[PDB]
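One structure is given here, and the rest of the page talks about it.
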Amino acid sequence: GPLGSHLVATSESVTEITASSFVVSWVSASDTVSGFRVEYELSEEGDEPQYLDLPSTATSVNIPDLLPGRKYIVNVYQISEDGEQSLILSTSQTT
C-alpha cells in the first residue's frame, strides 16, 4: 500500500474523442424541467450553434460530428414546463 501514490488512471473515464466528440455531464438545476437543450459552437470560427434536446431525466450527452483541432463552447439549458430555458452549465472544450 504505497503512500502518496495512487495514480492508476484505471481506464481513462474521459472518453468522447471519437469524431472529436465531447461527453459532457451536468446536474439538473430543477426537477420541474421538461427536458434539456445542449448547445455547442466553435469558439474560433463562431459558426452557427447547434442544439440537442434531451429528456428531463437526462443529465449527460455526447456531442458527435465535431471538427478536431477546433474549440467549442458548450452550454446546457434546462427547459421548464413553460418552455423557459436557464443556463445551468457553461464550459468550453478543445477537440
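Going by the C-alpha cells order, chains are called A, B, ..., each with residues numbered from 1, while ligands are numbered from 1 in the order shown.
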
Inset, instruction - Write out as an MDAnalysis selection string which residues come within 8 Å of residue 28 of chain A when counting only C-alpha atoms, dropping same-chain ones fewer than 6 positions away. - result: chainID A and resid 59 78 88

Can I get the selected residues back with N, CA, C and O atoms, as a JSON list (two decimals), in the first residue's frame?
[["chain", "number", "residue", "atom", "x", "y", "z"],
["A", 59, "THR", "N", -29.07, 13.71, -17.94],
["A", 59, "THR", "CA", -28.12, 14.59, -17.26],
["A", 59, "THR", "C", -26.74, 14.51, -17.90],
["A", 59, "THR", "O", -25.76, 14.98, -17.33],
["A", 78, "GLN", "N", -31.83, 24.00, -19.18],
["A", 78, "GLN", "CA", -32.92, 23.11, -18.80],
["A", 78, "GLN", "C", -34.24, 23.77, -19.18],
["A", 78, "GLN", "O", -34.42, 24.97, -18.99],
["A", 88, "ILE", "N", -27.52, 26.27, -16.78],
["A", 88, "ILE", "CA", -27.13, 25.54, -15.58],
["A", 88, "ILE", "C", -25.66, 25.15, -15.65],
["A", 88, "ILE", "O", -25.04, 24.89, -14.62]]

Legend entry - Secondary structure check, strand (DSSP E or B) residues of segment 35-83 of chain A, as a VMD selection string: chain A and resid 35 to 42 50 to 55 60 to 63 71 to 80

Legend entry - Exercise: residue 84 of chain A partners within 10 Å, only C-alpha atoms, chain neighbours under 5 positions left out, as a ChimeraX atom specification: /A:33-34,77-79

So that I have them on file, write out the residues from the current selection with C-alpha atoms, as an mmCIF file, in the first residue's frame.
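Output contents, as saved in out_5.cif:
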data_model
loop_
_atom_site.group_PDB
_atom_site.id
_atom_site.type_symbol
_atom_site.label_atom_id
_atom_site.label_comp_id
_atom_site.auth_asym_id
_atom_site.auth_seq_id
_atom_site.Cartn_x
_atom_site.Cartn_y
_atom_site.Cartn_z
ATOM 1 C CA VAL A 33 -37.515 20.677 -16.099
ATOM 2 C CA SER A 34 -39.402 19.126 -19.006
ATOM 3 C CA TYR A 77 -30.050 24.749 -20.645
ATOM 4 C CA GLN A 78 -32.920 23.114 -18.798
ATOM 5 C CA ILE A 79 -36.427 23.516 -20.180
#

Inset, instruction - Compare A:32, A:62, A:57, A:90 by their minimum atom-to-atom distance to residue 20 of chain A, counting only C-alpha atoms, and give me the closest one. - result: A:62

Surrounding residues of residue 44 of chain A excluding itself and chain neighbours under 3 positions, 8 Å, only C-alpha atoms, as a short mmCIF file (atom, residue, chain, number, x, y, z; two decimals) with N, CA and C atoms, in the first residue's frame:
data_model
loop_
_atom_site.label_atom_id
_atom_site.label_comp_id
_atom_site.auth_asym_id
_atom_site.auth_seq_id
_atom_site.Cartn_x
_atom_site.Cartn_y
_atom_site.Cartn_z
N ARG A 70 -10.51 22.14 -33.20
CA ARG A 70 -11.32 23.35 -33.07
C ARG A 70 -11.87 23.44 -31.65
N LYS A 71 -12.00 24.66 -31.15
CA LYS A 71 -12.51 24.85 -29.81
C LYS A 71 -14.01 25.11 -29.84
N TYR A 72 -14.74 24.44 -28.96
CA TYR A 72 -16.18 24.61 -28.91
C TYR A 72 -16.63 25.15 -27.56
#

Inset, instruction - Name the closest residue to residue 53 of chain A among the candidates A:7, A:65, A:41, A:36; distances are taken between atoms, counting only C-alpha atoms. - result: A:36

Legend entry - Selection near residue 60 of chain A, 8 Å with only C-alpha atoms, sequence-local residues under 3 positions removed, as a PyMOL selection string: chain A and resi 23-26

Would you save the residues of that selection, restricted to N, CA, C and O atoms, as a CSV table (one decimal), in the first residue's frame?
chain,number,residue,atom,x,y,z
A,23,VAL,N,-18.1,14.4,-24.2
A,23,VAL,CA,-19.0,13.8,-23.3
A,23,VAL,C,-19.2,14.7,-22.1
A,23,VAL,O,-18.3,14.7,-21.2
A,24,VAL,N,-20.2,15.5,-22.1
A,24,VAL,CA,-20.4,16.5,-21.0
A,24,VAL,C,-21.6,16.1,-20.2
A,24,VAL,O,-22.7,15.8,-20.7
A,25,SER,N,-21.4,16.1,-18.9
A,25,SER,CA,-22.5,15.8,-17.9
A,25,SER,C,-22.7,17.0,-17.0
A,25,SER,O,-21.8,17.8,-16.8
A,26,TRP,N,-23.9,17.1,-16.5
A,26,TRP,CA,-24.3,18.2,-15.6
A,26,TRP,C,-25.2,17.8,-14.6
A,26,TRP,O,-25.5,16.6,-14.4

Legend entry - Nearby residues (only C-alpha atoms) at most 9 Å from residue 67 of chain A, same-chain spacing under 6 positions excluded, as a list in words: residues 19, 20, 21, 42 and 95 of chain A

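The coordinates place atom CA of residue 76 of chain A at 23.9 Å from atom CA of residue 12 of chain A.
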
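Interatomic distance, atom CA of residue 55 of chain A against atom CA of residue 35 of chain A: 4.2 Å.
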
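Atom CA of residue 92 of chain A sits 20.2 Å away from atom CA of residue 58 of chain A.
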